[PDB]
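Structure file input-v4.csv (CSV, C-alpha atoms) is printed below.
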chain,number,residue,atom,x,y,z
A,2,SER,CA,-7.1,13.2,-34.5
A,3,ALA,CA,-8.7,9.7,-34.3
A,4,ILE,CA,-6.5,9.2,-31.1
A,5,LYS,CA,-7.8,10.8,-27.8
A,6,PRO,CA,-5.5,12.0,-24.9
A,7,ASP,CA,-6.8,9.0,-22.8
A,8,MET,CA,-7.1,5.6,-24.6
A,9,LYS,CA,-8.0,2.2,-23.1
A,10,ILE,CA,-6.0,-1.0,-23.8
A,11,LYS,CA,-7.4,-4.5,-24.3
A,12,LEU,CA,-4.9,-7.4,-24.8
A,13,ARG,CA,-4.7,-11.2,-25.2
A,14,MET,CA,-1.3,-13.0,-25.5
A,15,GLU,CA,-1.2,-16.7,-26.5
A,16,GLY,CA,2.4,-18.1,-26.2
A,17,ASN,CA,4.7,-21.0,-25.7
A,18,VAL,CA,8.2,-20.8,-24.1
A,19,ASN,CA,10.4,-24.0,-24.1
A,20,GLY,CA,7.1,-26.0,-24.7
A,21,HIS,CA,5.1,-24.4,-21.9
A,22,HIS,CA,1.7,-23.0,-23.2
A,23,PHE,CA,0.1,-20.0,-21.6
A,24,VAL,CA,-2.7,-17.4,-22.2
A,25,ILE,CA,-2.5,-13.9,-20.6
A,26,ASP,CA,-5.2,-11.1,-20.7
A,27,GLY,CA,-4.4,-7.4,-20.3
A,28,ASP,CA,-6.6,-4.4,-19.3
A,29,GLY,CA,-5.1,-0.9,-19.0
A,30,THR,CA,-5.1,2.8,-19.9
A,31,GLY,CA,-2.5,5.2,-21.6
A,32,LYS,CA,-1.8,8.8,-22.6
A,33,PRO,CA,-0.5,8.5,-26.2
A,34,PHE,CA,0.7,12.2,-26.4
A,35,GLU,CA,2.6,11.9,-23.0
A,36,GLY,CA,4.1,8.5,-24.0
A,37,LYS,CA,2.8,6.7,-20.8
A,38,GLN,CA,0.8,3.5,-20.4
A,39,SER,CA,-0.1,1.1,-17.4
A,40,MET,CA,-2.0,-2.2,-17.7
A,41,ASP,CA,-3.1,-5.0,-15.4
A,42,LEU,CA,-2.1,-8.5,-16.6
A,43,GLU,CA,-3.7,-11.8,-15.5
A,44,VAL,CA,-2.4,-15.3,-16.5
A,45,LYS,CA,-5.6,-17.2,-17.6
A,46,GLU,CA,-4.0,-20.6,-18.6
A,47,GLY,CA,-0.6,-22.4,-17.9
A,48,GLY,CA,0.0,-20.6,-14.5
A,49,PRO,CA,2.1,-20.6,-12.5
A,50,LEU,CA,4.6,-19.7,-15.4
A,51,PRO,CA,7.8,-21.8,-15.1
A,52,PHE,CA,10.0,-18.9,-16.6
A,53,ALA,CA,10.9,-15.3,-15.8
A,54,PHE,CA,7.8,-13.0,-16.5
A,55,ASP,CA,10.3,-10.3,-17.5
A,56,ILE,CA,10.9,-11.9,-21.0
A,57,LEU,CA,7.2,-11.2,-21.9
A,58,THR,CA,6.9,-7.5,-20.8
A,59,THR,CA,8.1,-5.7,-24.0
A,60,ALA,CA,5.5,-7.7,-26.0
A,61,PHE,CA,2.8,-6.1,-23.7
A,65,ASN,CA,2.6,-0.5,-28.9
A,66,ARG,CA,4.8,2.5,-29.9
A,67,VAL,CA,1.6,4.6,-30.3
A,68,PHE,CA,2.4,5.3,-26.5
A,69,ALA,CA,5.5,7.5,-27.1
A,70,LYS,CA,5.9,11.3,-26.9
A,71,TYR,CA,6.9,12.4,-30.5
A,72,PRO,CA,8.2,16.0,-31.1
A,73,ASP,CA,6.7,18.0,-34.0
A,74,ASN,CA,10.0,17.6,-36.0
A,75,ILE,CA,9.7,13.7,-36.3
A,76,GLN,CA,7.1,11.9,-38.4
A,77,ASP,CA,4.9,9.8,-36.0
A,78,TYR,CA,4.3,6.6,-38.1
A,79,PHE,CA,2.3,5.0,-35.2
A,80,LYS,CA,-0.3,7.8,-34.5
A,81,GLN,CA,-0.8,8.2,-38.3
A,82,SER,CA,-1.5,4.4,-38.6
A,83,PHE,CA,-5.0,4.8,-37.0
A,84,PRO,CA,-7.8,4.2,-37.1
A,85,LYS,CA,-6.9,1.2,-39.4
A,86,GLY,CA,-3.9,0.3,-37.1
A,87,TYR,CA,-0.5,-1.5,-37.6
A,88,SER,CA,1.4,-4.8,-36.8
A,89,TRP,CA,4.9,-5.4,-35.6
A,90,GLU,CA,7.1,-8.6,-35.6
A,91,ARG,CA,10.1,-8.8,-33.2
A,92,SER,CA,13.0,-11.3,-32.8
A,93,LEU,CA,14.7,-11.3,-29.3
A,94,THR,CA,18.2,-12.9,-29.1
A,95,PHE,CA,19.7,-13.6,-25.6
A,96,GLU,CA,23.4,-14.1,-25.0
A,97,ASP,CA,23.0,-17.8,-23.9
A,98,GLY,CA,21.2,-19.0,-27.1
A,99,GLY,CA,17.6,-18.3,-26.0
A,100,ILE,CA,15.7,-16.9,-29.0
A,101,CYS,CA,12.0,-16.0,-29.7
A,102,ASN,CA,9.6,-14.3,-32.1
A,103,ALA,CA,6.7,-12.0,-30.9
A,104,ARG,CA,4.0,-10.3,-33.1
A,105,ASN,CA,1.2,-7.8,-32.2
A,106,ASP,CA,-1.7,-6.9,-34.6
A,107,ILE,CA,-3.1,-3.6,-33.1
A,108,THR,CA,-6.7,-2.3,-34.0
A,109,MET,CA,-8.8,0.6,-32.6
A,110,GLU,CA,-12.5,0.6,-31.8
A,111,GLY,CA,-13.7,4.0,-30.3
A,112,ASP,CA,-11.5,4.8,-27.3
A,113,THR,CA,-9.8,1.3,-27.1
A,114,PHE,CA,-6.7,-0.3,-28.6
A,115,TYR,CA,-7.1,-4.1,-29.1
A,116,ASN,CA,-3.9,-6.2,-29.2
A,117,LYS,CA,-3.7,-9.7,-30.6
A,118,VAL,CA,-0.2,-10.8,-29.2
A,119,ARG,CA,1.7,-14.1,-29.9
A,120,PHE,CA,4.9,-14.9,-28.1
A,121,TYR,CA,7.1,-18.0,-28.9
A,122,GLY,CA,10.4,-18.8,-27.1
A,123,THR,CA,12.8,-21.7,-27.4
A,124,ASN,CA,16.4,-22.8,-26.7
A,125,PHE,CA,16.5,-21.4,-23.2
A,126,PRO,CA,19.0,-23.5,-21.1
A,127,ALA,CA,17.3,-25.3,-18.1
A,128,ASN,CA,19.9,-23.9,-15.7
A,129,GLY,CA,19.7,-20.3,-17.2
A,130,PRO,CA,18.4,-17.2,-15.5
A,131,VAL,CA,15.1,-17.3,-17.5
A,132,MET,CA,14.0,-20.9,-16.6
A,133,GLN,CA,15.4,-20.5,-13.0
A,134,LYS,CA,13.6,-17.1,-12.5
A,135,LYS,CA,16.7,-15.0,-11.6
A,136,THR,CA,15.7,-11.8,-13.5
A,137,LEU,CA,15.0,-8.5,-11.6
A,138,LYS,CA,14.2,-6.0,-14.5
A,139,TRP,CA,15.0,-4.5,-17.9
A,140,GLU,CA,17.5,-1.7,-17.9
A,141,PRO,CA,16.3,1.6,-19.6
A,142,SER,CA,17.0,1.3,-23.4
A,143,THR,CA,17.3,3.4,-26.6
A,144,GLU,CA,15.5,2.0,-29.7
A,145,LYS,CA,17.2,3.1,-33.0
A,146,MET,CA,14.5,3.7,-35.7
A,147,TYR,CA,15.5,3.5,-39.4
A,148,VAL,CA,14.2,2.2,-42.8
A,149,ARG,CA,15.7,-1.1,-44.2
A,150,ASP,CA,14.4,-2.1,-47.7
A,151,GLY,CA,11.3,0.1,-47.3
A,152,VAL,CA,10.3,-1.2,-43.8
A,153,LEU,CA,10.4,0.8,-40.6
A,154,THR,CA,12.9,-1.1,-38.3
A,155,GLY,CA,13.8,-0.7,-34.6
A,156,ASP,CA,17.0,-2.1,-33.1
A,157,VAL,CA,17.5,-2.3,-29.2
A,158,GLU,CA,20.8,-3.5,-27.5
A,159,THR,CA,19.7,-4.0,-23.9
A,160,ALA,CA,20.0,-6.3,-20.8
A,161,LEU,CA,18.0,-7.8,-17.9
A,162,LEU,CA,19.5,-7.2,-14.5
A,163,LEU,CA,20.0,-10.5,-12.6
A,164,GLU,CA,20.2,-11.5,-8.9
A,165,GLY,CA,23.8,-10.9,-7.9
A,166,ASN,CA,24.8,-7.7,-9.8
A,167,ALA,CA,25.0,-9.6,-13.2
A,168,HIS,CA,23.4,-8.6,-16.6
A,169,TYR,CA,21.8,-10.9,-19.3
A,170,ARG,CA,22.1,-9.2,-22.7
A,171,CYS,CA,19.2,-8.7,-25.2
A,172,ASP,CA,19.3,-7.8,-28.9
A,173,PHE,CA,15.7,-6.9,-30.2
A,174,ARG,CA,14.9,-6.2,-33.9
A,175,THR,CA,11.3,-5.0,-34.6
A,176,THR,CA,9.7,-4.4,-38.0
A,177,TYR,CA,6.6,-2.1,-38.0
A,178,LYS,CA,4.0,-2.0,-40.8
A,179,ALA,CA,0.9,0.2,-41.1
A,180,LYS,CA,-2.3,-1.6,-42.5
A,181,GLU,CA,-3.0,1.5,-44.7
A,182,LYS,CA,-0.7,1.7,-47.8
A,183,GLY,CA,0.9,5.1,-48.2
A,184,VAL,CA,1.5,6.1,-44.5
A,185,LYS,CA,4.8,8.0,-45.1
A,186,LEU,CA,7.9,6.4,-43.4
A,187,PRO,CA,9.6,8.6,-40.9
A,188,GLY,CA,13.3,9.6,-41.0
A,189,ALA,CA,15.7,7.7,-38.7
A,190,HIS,CA,15.4,8.7,-35.0
A,191,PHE,CA,15.5,7.3,-31.4
A,192,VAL,CA,12.9,6.2,-28.7
A,193,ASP,CA,14.1,6.0,-25.1
A,194,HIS,CA,12.2,3.3,-23.1
A,195,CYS,CA,11.4,3.0,-19.3
A,196,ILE,CA,9.6,-0.3,-18.6
A,197,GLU,CA,8.9,-1.5,-15.0
A,198,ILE,CA,6.7,-4.0,-13.1
A,199,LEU,CA,4.9,-1.8,-10.5
A,200,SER,CA,3.3,-4.7,-8.5
A,201,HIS,CA,2.9,-8.6,-8.7
A,202,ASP,CA,1.5,-11.5,-6.6
A,203,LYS,CA,3.6,-14.5,-5.5
A,204,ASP,CA,4.1,-16.3,-8.9
A,205,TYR,CA,3.4,-13.4,-11.2
A,206,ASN,CA,-0.2,-14.5,-12.0
A,207,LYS,CA,-1.2,-10.8,-11.6
A,208,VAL,CA,1.2,-8.0,-12.7
A,209,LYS,CA,0.8,-4.2,-13.0
A,210,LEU,CA,3.1,-3.0,-15.9
A,211,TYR,CA,4.2,0.6,-16.7
A,212,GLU,CA,6.1,2.0,-19.7
A,213,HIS,CA,7.3,5.6,-20.5
A,214,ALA,CA,8.7,6.3,-24.0
A,215,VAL,CA,10.1,9.5,-25.7
A,216,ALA,CA,11.2,10.0,-29.3
A,217,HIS,CA,14.3,12.3,-29.9
A,218,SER,CA,17.0,13.1,-32.6
A,219,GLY,CA,19.9,12.3,-30.2
A,220,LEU,CA,20.4,15.8,-28.8
A,221,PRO,CA,19.4,16.9,-25.3

Same coordinates, now as structure tokens:
Amino acid sequence: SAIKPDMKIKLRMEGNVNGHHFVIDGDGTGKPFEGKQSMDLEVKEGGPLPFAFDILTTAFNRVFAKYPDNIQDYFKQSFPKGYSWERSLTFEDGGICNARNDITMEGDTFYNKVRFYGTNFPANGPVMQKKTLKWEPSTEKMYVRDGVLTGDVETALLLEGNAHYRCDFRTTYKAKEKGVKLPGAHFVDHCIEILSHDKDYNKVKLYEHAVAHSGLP
């Protein structure tokens, strides 16, 4: 196994939401086999961010997910050469964006080159007004569509005042190494939370727990 039980995470995201440019650095640690990761995020440029930090978090690696023996782990088989993903998020009020991550490994460290582009968010909407509280736990459906590993998520952000703001993600995953065998369809349950933050989310501690299953208990 190229992958150790304890892997470090290095991350730089360059992005633009509704015109606003920003650069965010990440430094964290994770247990790939337990499906757990936590990282410290620091806004390096464009702060304070004039939009809800929460729309970024899922962009801050499915290599951190507990896979049972009876599902093919595409992600952990992708290393050490690594893999990329591209994602389109579609929000109920027209807000759309495209995120990509190119993931590489060097010794005990995953390096992440992340790009995040958002547009069409209404000025009076929960994202530009900063009314989001968190992502609800989600289930990512994994399947193959025209020879590409694809994940669909129908989810929501909890808003101030008991309301939800609906998310549809579609992610395409591609190993750098030709002939990493595609897995069979399956599910990944996700648990993403902001553990701590300063006043304007210039510094954020992020945690994710993910588990792969066939649908049964």

Which protein, DNA or RNA residues are at most 10 Å from (7.2, 7.7, -27.5) in the file's coordinates when you count all atoms listed in the file, listed as JSON, numbers by chain? {"A": [33, 34, 35, 36, 37, 65, 66, 67, 68, 69, 70, 71, 72, 77, 79, 191, 192, 193, 194, 212, 213, 214, 215, 216, 217]}

How many Å separate atom CA of residue A:40 from atom CA of residue A:208?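 These two atoms are separated by 8.3 Å.
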
Hey, could you make a per-residue contact list for stretch 130-156 of chain A against stretch 86-89 of chain A with 12 Å as the cut-off, showing the nearest pair of atoms and its distance in Å to one decimal, counting only C-alpha atoms, sorted by chain and number, as CSV?
residue,atom,partner,partner_atom,distance
A:152,CA,A:89,CA,10.7
A:153,CA,A:89,CA,9.7
A:154,CA,A:89,CA,9.5
A:155,CA,A:89,CA,10.1

Would you please work out which residue, of A:75, A:101, A:175, A:7, is nearest to residue A:19 when using only C-alpha atoms?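 Of the candidates, the smallest distance to residue A:19 is held by A:101.
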
Counting only C-alpha atoms, which residues come within 9 Å of (21.5, -8.8, -17.2), with the point read in the file's coordinates, and could you list them as a PyMOL selection string? chain A and resi 136-140+159-164+166-171

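The closest residue to residue A:202, picked from A:24, A:3, A:12, A:44 and counting all atoms listed in the file, is A:44.
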
Distance in Å - atom CA of residue A:23 versus atom CA of residue A:46: 5.1 Å

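When only C-alpha atoms are used to measure the gap to residue A:123, the shortest distance among A:84, A:16, A:219, A:151 belongs to A:16.
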
Grab the atom CA of residue A:32 to atom CA of residue A:45 distance for me, in Å with one decimal place.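 Computed distance, atom CA of residue A:32 to atom CA of residue A:45, equals 26.7 Å.
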
Counting only C-alpha atoms, figure out which residue out of A:112, A:144, A:181, A:28 gets nearest to residue A:5.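 Of A:112, A:144, A:181, A:28, the one nearest residue A:5 is A:112, counting only C-alpha atoms.
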
Pick out the residues sitting within 8 Å of residue A:104, and hand them over as a list in words; count all atoms listed in the file, and ignore anything fewer than 6 positions along from it in its own chain. residues 60, 88, 89, 90, 91, 118, 119 and 120 of chain A

Quick one: residues within 8 Å of residue A:114, all atoms listed in the file, excluding same-chain residues fewer than 6 positions away - as a ChimeraX atom specification? /A:8-11,107-108

Of the candidates A:42, A:50, A:25, A:14, which shows the shortest atom-to-atom distance to residue A:204, using only C-alpha atoms? A:50
